[PDB]
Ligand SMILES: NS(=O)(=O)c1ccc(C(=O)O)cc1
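Here you get one chain, nothing else, as structure tokens; it is the form solved without 4-sulfamoylbenzoic acid (4SO).
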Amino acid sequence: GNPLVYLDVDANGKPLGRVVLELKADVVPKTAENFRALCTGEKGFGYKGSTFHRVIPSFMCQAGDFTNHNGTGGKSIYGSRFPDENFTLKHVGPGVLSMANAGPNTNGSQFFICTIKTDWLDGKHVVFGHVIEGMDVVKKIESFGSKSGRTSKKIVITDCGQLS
């Protein structure tokens, strides 16, 4: 079946808990595989130790820039960037897992978890999974955001990997 992966998240060095994500490999195998491998760190790099650097309440929590930690960086397991696989899955509501980008065909490692339905992102960002468990943790992360996206606490993925 589809991979189940996890992110364990701290805020200012205290654990918030675990976000569990289903990766929809049946719809977007290439995008799912990238995220899976970045969680396990099996290629020698990935999400462990990186941050949620941009969080906007009533919108989304963004993470995955493990090179620059500011939204300019990251890399995929294939190379620096890879194409938009498809736009079949939609930004249907809270819990949607989707690829951040800098325009068409610029997927790297950066990703976001929606806290609302973000329909205007349909056809522009590749949706590749959803939150199975831990929306409470996502809501905590969301609460440390701001209109600008600047976080009021340091939000760190302390551990991550694959459950199945």
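Position 1 is the first residue in the sequence shown; the rest follow in order.
Mind pulling up the entry and telling me whether 146-154 or 21-29 has the higher mean Cα temperature factor? Between 21-29 and 146-154, it is 146-154 that shows the higher mean C-alpha B-factor.
Whose C-alpha has the highest temperature factor in the PDB entry: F35, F45, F112, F128? Among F35, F45, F112, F128, the highest C-alpha B-factor in the entry belongs to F45.
Residue selected from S98, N70, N105, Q62 by maximal Cα B factor: Spelled out: the listed residue with the top C-alpha B-factor is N70.
What third of its chain's C-alpha B-factors does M135 belong to: lowest, middle or highest? Highest third.
Keep in mind that the form deposited with 4-sulfamoylbenzoic acid (4SO) bound is missing from the display, and what follows is about it.
Heavy atom to heavy atom, is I56 within 4.5 Å of 4-sulfamoylbenzoic acid (4SO) in the bound PDB entry? Because a heavy atom of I56 falls inside 4.5 Å of 4-sulfamoylbenzoic acid (4SO) in the bound PDB entry, the answer is yes.
Considering non-hydrogen atoms and a 4.5 Å limit, does 4-sulfamoylbenzoic acid (4SO) approach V19 in the bound PDB entry? Close contact is absent here: in the bound PDB entry, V19 is far from 4-sulfamoylbenzoic acid (4SO), nothing within 4.5 Å, heavy atoms only.
Can you list, in sequence order, the residues from 103-130 that come within 4.5 Å of 4-sulfamoylbenzoic acid (4SO) in the bound PDB entry, counting heavy atoms only? Heavy-atom contacts to 4-sulfamoylbenzoic acid (4SO) in the bound PDB entry: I116, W120.
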